[PDB]
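Asker: Before I ask anything, let me first share the structure, which is written out below as structure tokens.
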Amino acid sequence: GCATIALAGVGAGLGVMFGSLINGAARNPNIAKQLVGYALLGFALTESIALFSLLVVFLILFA
Amino acid sequence: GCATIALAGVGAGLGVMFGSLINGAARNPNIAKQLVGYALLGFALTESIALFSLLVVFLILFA
Amino acid sequence: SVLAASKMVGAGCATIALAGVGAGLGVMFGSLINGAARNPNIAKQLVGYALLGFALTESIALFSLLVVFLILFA
Amino acid sequence: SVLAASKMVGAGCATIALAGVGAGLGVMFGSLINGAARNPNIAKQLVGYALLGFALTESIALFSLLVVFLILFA
Amino acid sequence: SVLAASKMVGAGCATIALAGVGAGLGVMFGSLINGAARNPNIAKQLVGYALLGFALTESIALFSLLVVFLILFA
Amino acid sequence: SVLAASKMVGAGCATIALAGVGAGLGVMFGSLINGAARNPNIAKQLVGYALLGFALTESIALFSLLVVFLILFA
Amino acid sequence: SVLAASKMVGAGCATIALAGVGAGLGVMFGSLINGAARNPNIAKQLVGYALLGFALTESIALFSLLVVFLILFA
Amino acid sequence: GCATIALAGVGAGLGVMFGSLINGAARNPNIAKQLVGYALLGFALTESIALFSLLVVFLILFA
Amino acid sequence: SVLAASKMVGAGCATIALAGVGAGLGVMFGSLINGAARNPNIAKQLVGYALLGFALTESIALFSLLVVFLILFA
Amino acid sequence: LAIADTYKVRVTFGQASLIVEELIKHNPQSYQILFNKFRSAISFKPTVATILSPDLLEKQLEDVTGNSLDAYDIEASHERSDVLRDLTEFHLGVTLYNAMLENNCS
Amino acid sequence: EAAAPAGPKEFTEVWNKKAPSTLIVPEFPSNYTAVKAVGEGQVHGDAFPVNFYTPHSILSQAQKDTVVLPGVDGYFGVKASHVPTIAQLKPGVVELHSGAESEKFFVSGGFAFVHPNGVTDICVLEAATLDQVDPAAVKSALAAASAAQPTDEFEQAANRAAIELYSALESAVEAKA
Amino acid sequence: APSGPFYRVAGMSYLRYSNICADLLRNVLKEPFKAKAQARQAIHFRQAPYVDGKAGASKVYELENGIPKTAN
């Protein structure tokens with residue numbers, strides 16, 4: 001229970017990233033695929049913390 | 001009870017993302033039909049983290 | 001009597017996930033004020049966008065509500 | 001019976017969810033000020049959009065204060 | 001003896017919603033300064049709207065104080 | 001004597017509310033600088049609004065100390 | 001010795017309120033930097049407001065230190 | 001479980017960092033090849049703190 | 001020896017105020033970079049204010065480091 | 001300063017902006033433009049167009065019980081005193097181009 | 001702070017007492033315009049006047065109900081009762097909407113204002129349409145521009161303007177409607 | 001010592017900067033319109049400093065390609 005609290009910051013960081021994707025896509029809509037190509041790069045690079053916080057729960061419960 | 005706290009962070013991320021959509025649609029409303037499509041992408045992609053908190057609150061109850 | 005005591009202590013800590021959701025509604029509606037302040041001619045569609053975000057992120061608040069309802073009596 | 005003792009502890013810890021809701025209503029009512037500073041001729045309509053945000057962000061305060069009474073008086 | 005001590009230890013940590021209430025009022029009264037610094041001749045209307053935001057965000061703080069007087073005295 | 005003992009950790013968890021009010025006054029007194037950096041000639045009225053926003057959210061910190069001093073010796 | 005142990009753990013839970021002044025002071029002293037980078041020709045008045053804001057938001061860190069020295073040695 | 005809550009802060013930090021990279025690429029798409037080169041360095045210097053937290057969570061369970 | 005363990009548990013809880021000071025120094029030293037990218041001709045003064053801001057928030061970092069050793073060794 | 005041979009090929013905004021930045025090398029608080037406004041082919045009633053310096057006189061003359069320029073939301077990169085500095089150059093160049101083109105057809 | 005209450009109203013009564021009597025007062029450029037910012041109106045619903053200018057021509061003066069301006073902070077759209085703003089434009093596409101139609105003009109910079117009465121008046125330098133611009137020479141110019149980084153900060157600023165203009169022109173001509 | 005945008009810290013005024021931008025828009029125009037674009041670009045004038053009121057030399061500008069991008 002106390003271990004999975006850290007997904008709060010991961011969810012807030014992804015919400016900031018995908019709100020910034022909207023405010024960047026509305027700042028130059030002709031580049032609205034390269035900015036998503038950066039957003040998915042940041043998303044796939046911040047899910048390392050998500051798999052950290054999802055396997056530390058399985059490190060203590062069943063290992 | 002202490003496991004479901006990450007919902008606060010994913011809710012704050014949802015709110016800042018859905019607020020940055022209002023900002024981006026007030027910049028230029030003609031591309032809001034693409035901004036809402038990017039926001040539902042970000043919403044469903046951080047609901048991955050939200051349900052990864054919402055299953056760990058279920059996995060420690062009945063499993 | 002810890003079997004029904006820990007349900008109450010866990011529920012009091014479970015319902016605190018409404019805080020970040022309320023912060024998200026507040027920043028979304030503050031952005032709604034700024035959005036209707038920049039160009040007010042879309043402020044029906046922008047308030048519709050605010051309700052569109054509001055229901056989808058109150059969905060996660062009712063998910064926490066069914067979690068805190070679920071561990072309290074089931 | 002420590003069941004009522006844990007009821008008091010959970011009814012204490014339940015009311016920290018108003019932290020983020022207060023921060024959200026504060027940043028929304030602050031965004032009111034610079035939003036109406038951007039265009040003063042849409043002042044009353046921005047206060048109306050602020051009240052429409054207020055009467056839907058206080059729904060989380062309703063959700064929390066009925067849950068603290070479901071802990072205390074149920 | 002754990003019950004009237006549990007009232008104390010619960011209603012202690014029941015008041016940390018005031019942290020977020022104070023943060024919301026601080027960002028509201030800072031956005032008041034930014035909005036009155038954008039256009040200085042609107043500085044009487046927007047400070048009244050900031051007083052309205054203060055008196056409607058203190059509903060959350062007095063809602064928390066209603067529970068912290070409800071725990072400690074009822 | 002846990003009755004007079006848990007009030008200590010209750011007041012310690014109670015004064016957590018003295019964080020977000022400092023954060024709100026930090027962003028308020030930072031926004032005062034960033035607003036007084038735009039137009040320096042309105043800075044007297046901006047500081048007059050800053051102290052009024054201080055004393056209306058200083059009441060949050062005094063309410064936190066009021067519930068703390070209510071729970072320590074009453 | 002739950003009194004003399006609860007006092008120490010209440011002091012430990014009581015000094016977490018220096019986080020919010022530690023972030024409010026940081027963003028205020030950063031807003032001072034940004035406001036001096038806007039226009040350097042008023043870099044005397046802005047630090048005069050910045051040390052005032054340091055004092056008035058440090059007041060909450062001293063609230064926290066005073067409640068620490070009250071629940072530690074009384 | 002208590003030591004790994006520190007992953008929330010590095011998650012919410014990297015969310016704001018990649019949001020800043022999105023908005024920086026929305027400023028000018030030319031200098032994006034140095035924006036990414038600074039961003040992955042900042043990501044590594046924040047994952048330093050993330051792995052510093054993971055070092056103590058592995059120290060507290062197995063030592 | 002519950003006080004000798006409670007001092008360790010509280011001394012763990014005493015130092016989570018260092019996170020807020022870390023975030024404040026991060027947002028200060030980030031807006032210092034924003035200010036040195038605003039006008040690079042004054043990159044030698046804004047660091048001169050950044051060092052006094054760093055001193056005045058490392059003040060609160062050592063405020064927390066005071067009480068964690070006052071509860072550990074006093 | 002005296003500028004000559006100005007209508008050789010035609011009038012361009014590069015030429016007018018060059019004469020404007022030559023007037024900007026000197027640093028006044030105001031500018032006065034004396035040229036003949038082409039009203040009709042029979043009448044030439046001259047005009048005095050005026051350009052103000054940004055921080056020296058322009059926002060000072062926008063001041064009635066406060067200011068009237070604060071209604072405009074500055075949306076540039078840097079702050080208002082450095083966008084008015086560019087706006088006064090653009091205004092002097094535009095009104096000088098229009099001046100020496102009105103005077104040419106006059 | 002208003003010690004010289006200037007205007008076209010006061011200049012005649014200060015000028016008549018110094019100039020000889022056969023001289024009429026010199027006129028003012030404000031007498032050749034009727035639309036100001038202080039004179040309210042100019043909305044009457046959704047369609048509002050856009051005044052899209054350039055030094056050698058006037059490409060638009062009619063009323064269009066939506067115009068997006070490629071501002072330096074990003075592309076932003078202007079509505080009828082829009083916020084009064086002074087916006088510096090980066091080189092981008094201006095598009096004029098009055099219904100189903102959009103006229104696409106790529107401008108080369110210049111400011112663009114929104115006045116509190118509800119007229120916008122775009123003030124650009126070179127307004128070339130996106131039909132008569134070729135996609136061949138722009139990469140041939142930026143490829144030479146993306147290499148030379150000399151020691152002249154003046155040429156550094158010129159190179160930076162060239163780089164942003166050519167990159168935005170490529171991104172604005174390759175993604176046409 | 002000059003503190004502002006990127007052209008201002010480099011000493012460049014807004015007129016020369018925006019004219020450089022307009023010149024480089026004209027430099028990528030189509031040749032049916034690029035030839036007449038040089039007609040609205042050609043600069044032929046001269047100036048003269050006056051140290052006393054008649055005394056002074058002159059300086060000529062006969063640029064047909066556009067506004068000088070180099071330092072002035």
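Here, A, B, ... name the chains of the structure tokens in the order displayed, residue numbers run from 1 inside each chain, and ligands are numbered from 1 in the same displayed order.
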When all Cα positions are paired in order and chain D is fitted onto chain C, what RMSD is left, to one decimal?
Answerer: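 Between these identical-sequence chains, the C-alpha RMSD is 0.6 Å.
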Asker: Can you check which residues of chain E have any atom within 7 Å of chain J? Use only C-alpha atoms and format it as an MDAnalysis selection string.
Answerer: chainID E and resid 38:39 41
Asker: Set the distance at 6 Å and use only C-alpha atoms: which residues neighbour stretch 32-42 of chain J once local chain neighbours fewer than 6 positions away are removed? I'd like the list as a PyMOL selection string.
Answerer: chain J and resi 48-50+99+102-103+106
Asker: Those same residues, written as a PDB file, in the first residue's frame with N, CA and C atoms?
Answerer:
ATOM      1  N   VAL J  48       1.716  67.291 -40.216  1.00  0.00           N
ATOM      2  CA  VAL J  48       2.781  67.033 -39.257  1.00  0.00           C
ATOM      3  C   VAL J  48       2.438  65.736 -38.545  1.00  0.00           C
ATOM      4  N   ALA J  49       3.147  64.664 -38.891  1.00  0.00           N
ATOM      5  CA  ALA J  49       3.025  63.399 -38.185  1.00  0.00           C
ATOM      6  C   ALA J  49       4.086  63.347 -37.098  1.00  0.00           C
ATOM      7  N   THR J  50       3.744  62.743 -35.963  1.00  0.00           N
ATOM      8  CA  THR J  50       4.592  62.774 -34.783  1.00  0.00           C
ATOM      9  C   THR J  50       4.863  61.365 -34.269  1.00  0.00           C
ATOM     10  N   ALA J  99       5.342  59.354 -46.026  1.00  0.00           N
ATOM     11  CA  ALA J  99       5.650  60.766 -46.198  1.00  0.00           C
ATOM     12  C   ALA J  99       6.343  61.029 -47.524  1.00  0.00           C
ATOM     13  N   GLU J 102       3.866  60.198 -50.520  1.00  0.00           N
ATOM     14  CA  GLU J 102       2.889  61.274 -50.670  1.00  0.00           C
ATOM     15  C   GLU J 102       3.533  62.529 -51.236  1.00  0.00           C
ATOM     16  N   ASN J 103       4.745  62.854 -50.784  1.00  0.00           N
ATOM     17  CA  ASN J 103       5.408  64.053 -51.277  1.00  0.00           C
ATOM     18  C   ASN J 103       5.917  63.871 -52.695  1.00  0.00           C
ATOM     19  N   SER J 106       2.876  64.289 -54.770  1.00  0.00           N
ATOM     20  CA  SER J 106       2.530  65.701 -54.690  1.00  0.00           C
ATOM     21  C   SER J 106       3.443  66.560 -55.550  1.00  0.00           C
TER      22      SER J 106
END
Asker: Give as a list in words every residue of chain E that touches chain G within 12 Å, counting only C-alpha atoms.
Answerer: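 Listed by rising number, the hits are residues 9, 12, 13, 16, 18, 19, 20, 22, 23, 26, 27 and 30 of chain E.
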Asker: Considering only C-alpha atoms, return as number ranges by chain whatever protein or nucleic-acid residues lie within 12 Å of residue J:52, sequence-local ones (same chain, fewer than 5 positions apart) excluded.
Answerer: J: 24, 27-33, 57-62, 84-92; K: 6
Asker: Output N, CA, C and O atoms for every residue in the selection just made, as a tab-separated table (two decimals), in the first residue's frame.
Answerer:
chain	number	residue	atom	x	y	z
J	24	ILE	N	17.46	57.49	-36.09
J	24	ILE	CA	17.49	56.78	-34.81
J	24	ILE	C	18.90	56.73	-34.21
J	24	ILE	O	19.03	56.57	-32.99
J	27	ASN	N	19.27	60.43	-30.85
J	27	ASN	CA	18.30	59.94	-29.87
J	27	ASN	C	17.46	61.10	-29.34
J	27	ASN	O	17.82	61.72	-28.34
J	28	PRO	N	16.34	61.40	-29.98
J	28	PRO	CA	15.43	62.42	-29.46
J	28	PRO	C	14.36	61.80	-28.59
J	28	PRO	O	14.33	60.59	-28.35
J	29	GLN	N	13.45	62.65	-28.11
J	29	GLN	CA	12.24	62.19	-27.46
J	29	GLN	C	11.02	62.26	-28.36
J	29	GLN	O	10.00	61.65	-28.04
J	30	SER	N	11.11	62.98	-29.48
J	30	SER	CA	10.00	63.11	-30.40
J	30	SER	C	10.52	63.16	-31.83
J	30	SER	O	11.73	63.20	-32.07
J	31	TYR	N	9.59	63.14	-32.77
J	31	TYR	CA	9.89	63.31	-34.18
J	31	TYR	C	8.77	64.12	-34.82
J	31	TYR	O	7.61	64.01	-34.41
J	32	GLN	N	9.11	64.94	-35.80
J	32	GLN	CA	8.11	65.69	-36.56
J	32	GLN	C	8.35	65.44	-38.04
J	32	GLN	O	9.48	65.53	-38.52
J	33	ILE	N	7.28	65.13	-38.77
J	33	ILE	CA	7.36	64.80	-40.19
J	33	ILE	C	6.66	65.91	-40.96
J	33	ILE	O	5.45	66.07	-40.84
J	57	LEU	N	8.87	59.27	-23.83
J	57	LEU	CA	7.68	60.11	-23.91
J	57	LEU	C	6.39	59.35	-24.19
J	57	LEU	O	5.32	59.88	-23.86
J	58	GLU	N	6.43	58.14	-24.77
J	58	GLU	CA	5.23	57.54	-25.36
J	58	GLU	C	4.26	57.04	-24.29
J	58	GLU	O	3.07	57.38	-24.32
J	59	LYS	N	4.74	56.23	-23.35
J	59	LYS	CA	3.85	55.77	-22.28
J	59	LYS	C	3.54	56.89	-21.30
J	59	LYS	O	2.53	56.82	-20.59
J	60	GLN	N	4.40	57.91	-21.24
J	60	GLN	CA	4.09	59.09	-20.44
J	60	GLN	C	2.92	59.86	-21.03
J	60	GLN	O	2.11	60.41	-20.28
J	61	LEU	N	2.80	59.89	-22.36
J	61	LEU	CA	1.67	60.58	-22.96
J	61	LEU	C	0.43	59.71	-23.06
J	61	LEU	O	-0.65	60.22	-23.39
J	62	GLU	N	0.53	58.41	-22.76
J	62	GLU	CA	-0.64	57.55	-22.64
J	62	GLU	C	-1.26	57.60	-21.25
J	62	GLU	O	-2.18	56.83	-20.97
J	84	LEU	N	7.96	48.36	-27.34
J	84	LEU	CA	7.68	49.72	-27.78
J	84	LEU	C	8.88	50.34	-28.47
J	84	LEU	O	8.73	51.19	-29.35
J	85	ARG	N	10.08	49.88	-28.10
J	85	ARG	CA	11.31	50.32	-28.77
J	85	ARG	C	11.32	49.90	-30.23
J	85	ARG	O	11.79	50.64	-31.10
J	86	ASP	N	10.78	48.72	-30.53
J	86	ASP	CA	10.70	48.27	-31.91
J	86	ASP	C	9.50	48.87	-32.63
J	86	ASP	O	9.55	49.14	-33.83
J	87	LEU	N	8.41	49.08	-31.88
J	87	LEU	CA	7.19	49.63	-32.47
J	87	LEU	C	7.39	51.08	-32.89
J	87	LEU	O	6.84	51.50	-33.91
J	88	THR	N	8.20	51.84	-32.15
J	88	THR	CA	8.43	53.23	-32.56
J	88	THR	C	9.32	53.30	-33.80
J	88	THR	O	9.16	54.20	-34.63
J	89	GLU	N	10.22	52.32	-33.98
J	89	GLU	CA	11.04	52.28	-35.18
J	89	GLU	C	10.19	51.92	-36.39
J	89	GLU	O	10.31	52.54	-37.45
J	90	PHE	N	9.31	50.93	-36.22
J	90	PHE	CA	8.41	50.54	-37.29
J	90	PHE	C	7.44	51.66	-37.64
J	90	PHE	O	7.16	51.89	-38.82
J	91	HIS	N	6.98	52.41	-36.64
J	91	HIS	CA	6.08	53.53	-36.89
J	91	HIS	C	6.78	54.67	-37.61
J	91	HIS	O	6.21	55.25	-38.54
J	92	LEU	N	8.02	54.99	-37.21
J	92	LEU	CA	8.76	56.04	-37.89
J	92	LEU	C	9.08	55.65	-39.33
J	92	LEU	O	8.96	56.47	-40.24
K	6	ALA	N	-1.50	66.66	-25.12
K	6	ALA	CA	-1.37	66.83	-26.55
K	6	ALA	C	-2.56	66.22	-27.28
K	6	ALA	O	-3.45	65.60	-26.69
Asker: Given a cut-off of 6 Å, which residues of chain K touch chain J, counting only C-alpha atoms, written out as a list in words?
Answerer: residues 2, 26, 27, 28, 84, 85, 86, 87 and 88 of chain K
Asker: Selection from above, N, CA and C atoms, as a compact mmCIF listing (two decimals), in the first residue's frame, can you write it?
Answerer:
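Okay, this is what ended up in part.txt:
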# COMPACT_ATOMS: atom_id res chain seq x y z
N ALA K 2 0.89 63.82 -17.04
CA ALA K 2 0.21 64.27 -18.25
C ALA K 2 0.33 65.78 -18.39
N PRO K 26 -1.23 73.09 -40.08
CA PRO K 26 -0.92 71.82 -40.74
C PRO K 26 -1.77 70.69 -40.18
N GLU K 27 -2.18 69.80 -41.07
CA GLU K 27 -3.12 68.75 -40.69
C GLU K 27 -2.39 67.64 -39.93
N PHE K 28 -3.13 66.59 -39.61
CA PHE K 28 -2.64 65.50 -38.78
C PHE K 28 -3.06 64.18 -39.42
N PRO K 84 -7.69 42.83 -25.89
CA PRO K 84 -6.84 43.84 -26.52
C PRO K 84 -5.37 43.51 -26.34
N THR K 85 -4.67 43.33 -27.45
CA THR K 85 -3.30 42.85 -27.39
C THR K 85 -2.43 43.49 -28.46
N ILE K 86 -1.16 43.66 -28.13
CA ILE K 86 -0.10 43.99 -29.08
C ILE K 86 0.75 42.73 -29.21
N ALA K 87 0.76 42.13 -30.39
CA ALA K 87 1.42 40.84 -30.58
C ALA K 87 2.50 40.96 -31.63
N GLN K 88 3.71 40.56 -31.29
CA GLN K 88 4.77 40.44 -32.27
C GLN K 88 4.66 39.10 -32.97
Asker: Write out as a ChimeraX atom specification all residues of stretch 15-151 of chain K that DSSP puts in helix (DSSP H, G or I) for this structure's backbone.
Answerer: /K:15,29-32,137-145
Asker: Point out the residue among B:31, B:24, B:19, B:57 with the least atom-to-atom distance to residue B:5, counting only C-alpha atoms.
Answerer: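 Closest to residue B:5 of all the choices is B:57.
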Asker: Should the cut-off be 10 Å, what would the residue list for chain B against chain D look like, counting only C-alpha atoms, as a PyMOL selection string?
Answerer: chain B and resi 8+12+15
Asker: Do me a favour and pick out the residues of chain L within 7 Å of chain J, using only C-alpha atoms, as a list in words.
Answerer: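 Residues of chain L within 7 Å of chain J, counting only C-alpha atoms: residues 4, 5, 14, 15, 19, 40, 41, 42, 43, 44, 45, 46, 47, 48, 49, 50 and 67 of chain L.
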Asker: I need the chosen residues saved as a PDB file, in the first residue's frame, with C-alpha atoms.
Answerer:
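Result file follows (out-v3.pdb):
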ATOM      1  CA  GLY L   4      16.297  42.896 -25.026  1.00  0.00           C
ATOM      2  CA  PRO L   5      15.613  40.612 -27.988  1.00  0.00           C
ATOM      3  CA  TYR L  14      13.897  46.291 -35.712  1.00  0.00           C
ATOM      4  CA  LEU L  15      13.730  47.965 -39.123  1.00  0.00           C
ATOM      5  CA  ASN L  19      13.812  44.179 -43.637  1.00  0.00           C
ATOM      6  CA  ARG L  40      10.209  47.064 -54.621  1.00  0.00           C
ATOM      7  CA  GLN L  41      13.572  46.181 -53.032  1.00  0.00           C
ATOM      8  CA  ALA L  42      16.076  48.408 -54.859  1.00  0.00           C
ATOM      9  CA  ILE L  43      17.622  51.149 -52.731  1.00  0.00           C
ATOM     10  CA  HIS L  44      19.147  54.246 -54.345  1.00  0.00           C
ATOM     11  CA  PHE L  45      19.728  57.223 -52.066  1.00  0.00           C
ATOM     12  CA  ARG L  46      22.553  59.061 -50.338  1.00  0.00           C
ATOM     13  CA  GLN L  47      23.120  61.047 -47.162  1.00  0.00           C
ATOM     14  CA  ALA L  48      25.444  63.719 -45.828  1.00  0.00           C
ATOM     15  CA  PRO L  49      26.550  64.642 -42.305  1.00  0.00           C
ATOM     16  CA  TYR L  50      26.722  68.397 -41.681  1.00  0.00           C
ATOM     17  CA  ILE L  67      18.930  46.015 -47.159  1.00  0.00           C
TER      18      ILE L  67
END
Asker: Using DSSP secondary structure from the backbone, list all strand (DSSP E) positions within stretch 17-64 of chain L, as a ChimeraX atom specification.
Answerer: /L:43-48,59-63
Asker: Between atom CA of residue K:52 and atom CA of residue K:96, what is the distance, to one decimal in Å?
Answerer: 9.5 Å
Asker: If we count only C-alpha atoms and set the cut-off at 10 Å, which residues sit around residue B:51, ignoring sequence neighbours fewer than 5 positions away in its own chain? Please answer as a list in words.
Answerer: residues 7, 10, 46, 56 and 57 of chain B; 60 and 63 of chain C
Asker: With C-alpha atoms retained, could you export that selection as an mmCIF file, in the first residue's frame?
Answerer:
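As a result, selection.cif now contains:
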data_model
loop_
_atom_site.group_PDB
_atom_site.id
_atom_site.type_symbol
_atom_site.label_atom_id
_atom_site.label_comp_id
_atom_site.auth_asym_id
_atom_site.auth_seq_id
_atom_site.Cartn_x
_atom_site.Cartn_y
_atom_site.Cartn_z
ATOM 1 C CA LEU B 7 -5.305 8.587 -7.656
ATOM 2 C CA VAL B 10 -3.246 11.114 -11.588
ATOM 3 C CA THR B 46 -2.346 8.198 -18.054
ATOM 4 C CA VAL B 56 -2.862 -2.843 -6.908
ATOM 5 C CA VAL B 57 -5.597 -1.593 -4.574
ATOM 6 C CA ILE C 60 -11.353 8.770 -11.398
ATOM 7 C CA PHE C 63 -13.293 5.214 -8.934
#
Asker: Residues at most 10 Å from residue A:6, counting only C-alpha atoms, excluding those fewer than 2 positions away in the same chain, as a short mmCIF file (atom, residue, chain, number, x, y, z; two decimals) with N, CA and C atoms, in the first residue's frame?
Answerer:
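Now in around-v7.cif:
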data_model
loop_
_atom_site.label_atom_id
_atom_site.label_comp_id
_atom_site.auth_asym_id
_atom_site.auth_seq_id
_atom_site.Cartn_x
_atom_site.Cartn_y
_atom_site.Cartn_z
N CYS A 2 1.83 1.34 0.89
CA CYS A 2 2.71 2.50 0.93
C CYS A 2 3.65 2.58 -0.26
N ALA A 3 3.89 1.48 -0.97
CA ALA A 3 4.82 1.50 -2.09
C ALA A 3 4.23 2.10 -3.35
N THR A 4 2.94 1.91 -3.59
CA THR A 4 2.30 2.36 -4.81
C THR A 4 1.81 3.80 -4.74
N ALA A 8 1.47 8.58 -7.90
CA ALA A 8 0.88 9.91 -7.92
C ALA A 8 1.74 10.88 -8.72
N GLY A 9 3.04 10.89 -8.46
CA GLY A 9 3.93 11.76 -9.20
C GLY A 9 4.07 11.36 -10.65
N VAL A 10 3.98 10.06 -10.94
CA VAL A 10 4.05 9.59 -12.32
C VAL A 10 2.80 10.02 -13.09
N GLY A 11 1.63 9.92 -12.46
CA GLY A 11 0.40 10.37 -13.10
C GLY A 11 0.34 11.87 -13.29
N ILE A 49 10.27 4.59 -14.40
CA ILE A 49 9.83 4.82 -13.03
C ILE A 49 8.52 4.09 -12.76
N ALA A 50 7.67 3.97 -13.78
CA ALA A 50 6.41 3.26 -13.60
C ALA A 50 6.62 1.76 -13.42
N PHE A 52 9.46 0.52 -12.30
CA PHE A 52 10.09 0.51 -10.98
C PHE A 52 9.04 0.41 -9.88
N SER A 53 8.07 1.31 -9.89
CA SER A 53 7.05 1.35 -8.85
C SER A 53 6.01 0.25 -9.01
N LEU A 54 5.99 -0.46 -10.14
CA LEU A 54 5.11 -1.60 -10.29
C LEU A 54 5.79 -2.94 -10.02
N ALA B 3 -2.99 2.58 -0.30
CA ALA B 3 -2.61 2.23 -1.66
C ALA B 3 -3.27 3.14 -2.68
N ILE B 5 -3.75 6.24 -2.88
CA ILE B 5 -3.41 7.67 -2.81
C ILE B 5 -2.92 8.20 -4.15
N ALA B 6 -2.37 7.33 -5.01
CA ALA B 6 -1.84 7.74 -6.32
C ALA B 6 -2.92 8.28 -7.26
N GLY B 9 -2.61 12.09 -7.50
CA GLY B 9 -1.65 12.58 -8.47
C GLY B 9 -2.10 12.40 -9.91
N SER B 53 -2.57 1.84 -10.59
CA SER B 53 -2.81 2.05 -9.17
C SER B 53 -4.12 1.42 -8.70
N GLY H 1 8.35 -0.30 1.39
CA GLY H 1 7.22 0.40 0.81
C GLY H 1 7.28 1.89 1.06
N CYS H 2 7.88 2.30 2.18
CA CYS H 2 7.94 3.72 2.49
C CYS H 2 9.11 4.41 1.80
N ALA H 3 10.17 3.67 1.48
CA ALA H 3 11.35 4.30 0.89
C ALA H 3 11.15 4.62 -0.58
N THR H 4 10.26 3.91 -1.26
CA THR H 4 10.07 4.03 -2.69
C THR H 4 9.00 5.04 -3.08
N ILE H 5 8.51 5.84 -2.13
CA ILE H 5 7.58 6.91 -2.48
C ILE H 5 8.33 8.07 -3.13
N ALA H 6 9.66 8.11 -2.98
CA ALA H 6 10.49 9.14 -3.59
C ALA H 6 10.55 9.05 -5.11
N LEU H 7 9.99 8.01 -5.72
CA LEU H 7 9.92 7.93 -7.17
C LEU H 7 8.86 8.86 -7.75
N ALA H 8 7.89 9.29 -6.93
CA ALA H 8 6.88 10.24 -7.37
C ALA H 8 7.50 11.58 -7.75
N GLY H 9 8.49 12.03 -6.99
CA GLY H 9 9.09 13.32 -7.28
C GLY H 9 9.92 13.32 -8.55
N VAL H 10 10.66 12.23 -8.81
CA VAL H 10 11.42 12.18 -10.05
C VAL H 10 10.50 11.93 -11.24
N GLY H 11 9.37 11.24 -11.04
CA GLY H 11 8.39 11.13 -12.11
C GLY H 11 7.74 12.45 -12.47
N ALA H 12 7.31 13.22 -11.47
CA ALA H 12 6.73 14.53 -11.71
C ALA H 12 7.75 15.55 -12.17
#
Asker: Excluding same-chain residues fewer than 5 positions from stretch 49-56 of chain E, what lies within 10 Å of it counting only C-alpha atoms, as an MDAnalysis selection string?
Answerer: (chainID D and resid 22 25:33 36 43 47 50:51 54) or (chainID E and resid 21 24:25 28:29 31:32 44 61) or (chainID F and resid 52:53 56:57)
Asker: Restricting it to C-alpha atoms, dump the selection as an mmCIF file, in the first residue's frame.
Answerer:
data_model
loop_
_atom_site.group_PDB
_atom_site.id
_atom_site.type_symbol
_atom_site.label_atom_id
_atom_site.label_comp_id
_atom_site.auth_asym_id
_atom_site.auth_seq_id
_atom_site.Cartn_x
_atom_site.Cartn_y
_atom_site.Cartn_z
ATOM 1 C CA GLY D 22 -8.886 24.395 -1.418
ATOM 2 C CA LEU D 25 -10.508 26.769 -5.743
ATOM 3 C CA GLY D 26 -7.793 29.218 -4.721
ATOM 4 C CA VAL D 27 -5.899 28.980 -7.994
ATOM 5 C CA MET D 28 -9.193 29.170 -9.919
ATOM 6 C CA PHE D 29 -10.318 32.293 -8.044
ATOM 7 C CA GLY D 30 -6.830 33.708 -8.574
ATOM 8 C CA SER D 31 -6.996 33.005 -12.294
ATOM 9 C CA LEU D 32 -10.259 34.973 -12.097
ATOM 10 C CA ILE D 33 -8.235 38.067 -11.255
ATOM 11 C CA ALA D 36 -10.633 39.764 -15.741
ATOM 12 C CA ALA D 43 -15.952 40.623 -16.015
ATOM 13 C CA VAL D 47 -17.302 35.552 -12.497
ATOM 14 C CA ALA D 50 -15.929 30.956 -11.917
ATOM 15 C CA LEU D 51 -19.169 30.179 -10.076
ATOM 16 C CA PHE D 54 -17.047 26.573 -8.007
ATOM 17 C CA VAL E 21 -6.332 26.181 1.665
ATOM 18 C CA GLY E 24 -4.797 28.368 -2.702
ATOM 19 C CA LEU E 25 -5.350 31.668 -0.915
ATOM 20 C CA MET E 28 -5.119 33.724 -5.347
ATOM 21 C CA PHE E 29 -3.768 36.779 -3.562
ATOM 22 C CA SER E 31 -2.589 36.470 -8.883
ATOM 23 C CA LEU E 32 -4.417 39.461 -7.398
ATOM 24 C CA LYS E 44 -10.821 48.104 -6.951
ATOM 25 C CA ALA E 61 -11.575 25.820 5.786
ATOM 26 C CA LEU F 52 -4.090 42.384 2.723
ATOM 27 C CA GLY F 53 -3.558 39.015 1.068
ATOM 28 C CA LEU F 56 -6.270 37.059 5.093
ATOM 29 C CA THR F 57 -4.162 33.895 4.746
#
